[PDB]
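Below sits a lone chain in C-alpha cells, taken as the form deposited in one PDB entry.
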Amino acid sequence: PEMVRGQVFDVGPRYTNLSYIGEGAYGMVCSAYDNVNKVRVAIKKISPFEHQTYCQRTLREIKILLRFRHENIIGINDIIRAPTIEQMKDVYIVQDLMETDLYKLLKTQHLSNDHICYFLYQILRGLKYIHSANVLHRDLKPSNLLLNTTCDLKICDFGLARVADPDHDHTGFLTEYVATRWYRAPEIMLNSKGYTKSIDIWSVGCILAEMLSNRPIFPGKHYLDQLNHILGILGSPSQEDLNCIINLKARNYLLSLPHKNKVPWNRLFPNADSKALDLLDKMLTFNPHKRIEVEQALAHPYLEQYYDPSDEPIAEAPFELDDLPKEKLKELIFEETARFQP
C-alpha cells in the first residue's frame, strides 16, 4: 500500500501521485491524482473506531454530506474502505481539491469589497440550504470555508452539526461547549445549548467582521473572556434584552458589569461598505430572537447584485446516535459507505 510519511495511505489503485497536505481530526489529509476523472482530489484518512465519540462524529458527518447536494457545501466524491467490517480499520473520504480556506487566505491576503460580498453571498447560500434541512452546522469559522483558485466557496466540517431543536435550547450559565470559541454566540455562555439557527448566523457575522479587517473580531482567550469581548463592542445589553434571560445566574452576571457603550461599526471598520456594516449589525445582534435569519440576510441590500431566491435552493427534505456503542456505530459507518464499493 501507498505510504506517506511512514503511515499507510491506502487509496489506490484509482488514486495515485500522493502529496501530504496536513492533519484533519482523526488522521492525515493528502492530495492525489484520480485516474478516472483526470483531476487531483483531496483524501482524508479517518481512524475513529476506537472511540465512541470519534465514531459518532464520523457517522454524523458522512450521513449529512451524502444527503446534501449543494454548490456551496463540500461533497463526498468517493469513500475507500475494506470490504468487511472485520478488516475495516480506517476510512478514506475523497473530496474535491480546494486550494485554500478563508483562514489561510485572511492571514496573508487583503480582500476587496467585491470578494467580501461574493464570499458572504456563498456562505449564506450554503447556510440557507443547511438550515432548510433543519440542520445546524454549529462550527462555522474561516478554516471551515474552503476555496478553490476561482474563489468558489464550500462549507465543510459538519462534525459538530445537530438537528435544530429550539424547544430544548435552554440551559444554565457557563454550560460547557465544544464549538470554536471566537465564533460562539453570546447566548452559548449565558443560557443556550446551541440548538437554534441563530447560533450559525452569529458565526457568519463574526466571519464577515474578520473579512473586513483580517483579524478575528472577538479573540477571547477563554470561556468567559469570549462574552466580555462581545460586550466590549456591542455594549451593555438593553433592559428588554435582559428580560428575555430568565436564568438568574446569567442575568445577575450581566447586571454586575459596569455599563459599556457600543463601539460604532464605522469606527471599527472605517473602510467598510456602509451596507456591509448594516448587515453586520443585524448578524451580530446580542438577542438571538432579534438576530437576522439566513433568508433575510440573503435579501439584504448589501447582497443585491447576487440575490436570486430561485437560484438559492433548499433541501428536498429535513433531517439518536448518543447511546449507540462504538460497535453499532462502526456497523452503521460500514452500511453508510456501502454505495461506494465496486
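Residues that one form lacks are left out of the comparison. Whichever C-alpha set is largest while still superposing within 1.5 Å between the two forms counts as the rigid core. One-based numbering along the sequence shown.
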Sequence continuity check, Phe319 and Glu320 (deposited residues unmodelled): 4 to 9
For the higher mean C-alpha B factor in the entry, choose 201 to 209 or 158 to 166. 158 to 166
Looking at the entry, does 48 to 56 or 22 to 30 show the higher mean C-alpha B-factor? 22 to 30
Specify which of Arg81, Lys128, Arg251, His222 carries the largest Cα B factor in the deposited PDB entry. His222
Considering only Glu187, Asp139, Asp114, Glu99, which residue's Cα atom bears the greatest B-factor as recorded? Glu99
Using only modelled residues of the chain, where does the Cα B factor of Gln296 rank: lowest third, middle third or highest third? lowest
So where's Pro264 on the chain's Cα temperature factor ranking, which third? middle
So, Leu106's CA B-factor, relative to its chain, sits in which third? The middle
Test of reading the entry: by CA B factor among the chain's modelled residues, which third contains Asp152? middle
C-alpha B factor of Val178, ranked within the chain: lowest, middle or highest third? highest
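What follows is about the form solved in complex with a small molecule, which we do not show.
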Is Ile217 one of the residues lying within 4.5 Å of the small molecule in the deposited bound form, judged by heavy atom distances? no
Is there a heavy atom of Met98 lying 4.5 Å or less from a heavy atom of the small molecule in the deposited bound form? yes
Taking the shortest heavy atom distance, is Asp323 within 4.5 Å of the small molecule in the deposited bound form? no
Touches the small molecule in the deposited bound form: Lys45 (any heavy atom, 4.5 Å): yes
Only one of these stretches, 254 to 262, 90 to 98, 127 to 135, 228 to 236, has heavy atoms within 4.5 Å of the small molecule in the deposited bound form; which one is it? 90 to 98
Scan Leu279, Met28, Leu303, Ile64 and let me know which has any heavy atom within 4.5 Å of the small molecule in the deposited bound form. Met28
Could you point out the stretches of 3 or more consecutive residues whose C-alpha atoms all move by 2 Å or more between the shown form and the other one when the rigid core is superposed? 24 to 26
